[PDB]
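The block underneath contains the structure these notes are about, expressed in structure tokens.
There are 2 protein chains.
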Amino acid sequence: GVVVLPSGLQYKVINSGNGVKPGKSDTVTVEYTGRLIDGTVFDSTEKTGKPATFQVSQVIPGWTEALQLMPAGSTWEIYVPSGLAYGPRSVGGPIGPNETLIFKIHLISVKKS
Amino acid sequence: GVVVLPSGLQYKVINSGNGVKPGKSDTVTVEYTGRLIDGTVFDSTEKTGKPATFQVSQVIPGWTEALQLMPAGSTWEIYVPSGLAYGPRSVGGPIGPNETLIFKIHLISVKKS
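The listed protein sequences correspond, in order, to chains A and B. The entry's author numbering applies: residue 100 is where the first sequence begins, and numbers increase by one. The entry's author numbering applies: residue 100 is where the second sequence begins, and numbers increase by one.
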């Protein structure tokens with residue numbers, strides 16, 4: 100059930116929602132877990148206790164591509180090529196150069212701006 | 100000089116602004132560079148080339164407090180104790196456990212609601 104998008108982003112719908120899909124100016128409330136292919140979790144909303152709220156445009160391109168397709172309420176797993184994430188740069192963490200990232204994202208709510 | 104707050108947060112005004120101070124619900128656009136006490140830069144708005152926009156409530160507690168005291172236009176340097184940052188939890192990478200963080204923050208714009 101892994102769909103491949105033209106960008107190379109891949110995703111698996113765990114559960115589909117019925118709410119609206121965000122655009123890039125929208126503000127989004129989500130819960131997520133990010134992992135490397137070895138399984139190391141790099142950040143999570145479970146670690147913080149609370150959901151995360153941000154503008155769809157301020158996240159890495161792999162997320163901005165997925166979010167615009169996710170109806171509110173949905174839970175997807177996306178598999179982000181390094182070019183749609185942090186690229187050849189190593190980003191303060193076990194995330195090194197040209198790192199593939201796996202995110203299980205749960206889109207809670209969409210707010211327009 | 101370096102002002103000390105009851106929380107343990109410290110800040111130094113590099114340049115003062117005239118603008119409004121954001122509230123806890125407000126959205127903020129900034130330019131920043133974050134580093135450790137050895138001087139390792141872990142993230143910067145220059146590495147992206149574009150400013151960052153956030154909700155004041157969605158950032159680490161040292162920033163949430165500092166931003167609400169910063170007039171828009173101000174440039175501060177804040178010195179965040181681990182307690183007001185990522186604490187004893189470690190980010191699984193460079194930051195590491197109970198790390199003090201230094202941020203050069205440039206408050207550009209403040210958004211309401």
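Ideal Cβ positions, reconstructed from N, Cα and C, are used throughout, including at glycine.
Could you check how far apart the C-beta atoms of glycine 182/B and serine 189/B are, in whole angstroms? I think they sit under 8 Å.
About 14 Å; that fails the 8 Å criterion.
What does the Cβ neighbour count give for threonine 139/A, buried or exposed, with the cut at 16 atoms within 10 Å? exposed
Report task. Return the residues of the stretch 149-162 of chain A that lie within a Cβ-Cβ distance of less than 7 Å from chain B, sorted by chain order. Result -> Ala151, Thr152, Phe153, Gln154 and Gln157
State buried or exposed for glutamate 164/B, treating a residue as buried only when at least 16 other CB atoms are found within 10 Å of its CB.
buried
_Can you tell me whether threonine 147/A is helix, strand or coil according to DSSP?_
helix
Under 8 Å, with one C-beta from each stretch per pair, do the stretch 158-175 of chain A and the stretch 105-123 of chain B reach the 3-pair mark? no
Start and end of the beta strand (DSSP E) containing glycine 133/B? 126-134
Using a Cβ-Cβ cut-off of 6 Å (strictly less than) and excluding sequence neighbours within five positions of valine 101/A, which residues of its own chain qualify?
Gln109 and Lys111
- Classification of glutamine 167/A by the beta-carbon crowding that lies within 10 angstroms, buried from 16 upward: exposed
Ignoring anything shorter than 3 residues, give me the beta strand (DSSP E) runs that lie fully in the stretch 151-191 of chain B, in order along the chain. 151-154 and 174-179
Please classify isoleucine 113/B as buried or exposed, where buried requires at least 16 other C-beta atoms within 10 Å of its C-beta.
exposed
Considering only the beta carbon of each residue, do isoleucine 136/B and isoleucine 201/B sit closer than 8 Å?
yes
Item checked: Alpha-carbon spacing of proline 180/A relative to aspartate 142/A, whole angstroms -> 17 Å
- Pull up the DSSP beta-bridge partners for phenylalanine 202/A, would you. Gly133/A and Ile177/A
Should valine 209/B and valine 127/B be called a contact, given that it needs their Cβ atoms to be closer than 8 Å?
yes
* Could you name the residues of the stretch 183-208 of chain B whose beta carbon sits closer than 9 Å to any beta carbon of chain A, in the order they occur along the chain? => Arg188, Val190, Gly191, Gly192, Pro193 and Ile194
Here's the rule: buried if 16 or more other CB atoms are within 10 angstroms of the residue's CB, otherwise exposed. What is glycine 148/B? exposed
- Span separating the alpha-carbon of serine 156/B from that of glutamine 154/A: 13 Å
*What residues in its chain sit with their C-beta under 8 Å from that of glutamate 145/A, if we drop five residues either side in the sequence?*
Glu130 and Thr132
Starting from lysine 120/A, follow the beta strand (DSSP E) in both directions and report where the run begins and ends. Taken as a continuous stretch (DSSP letters only), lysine 120/A belongs to no beta strand (DSSP E), as it is neither H nor E.
What is the DSSP secondary structure of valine 112/B, reduced to helix, strand or coil?
strand
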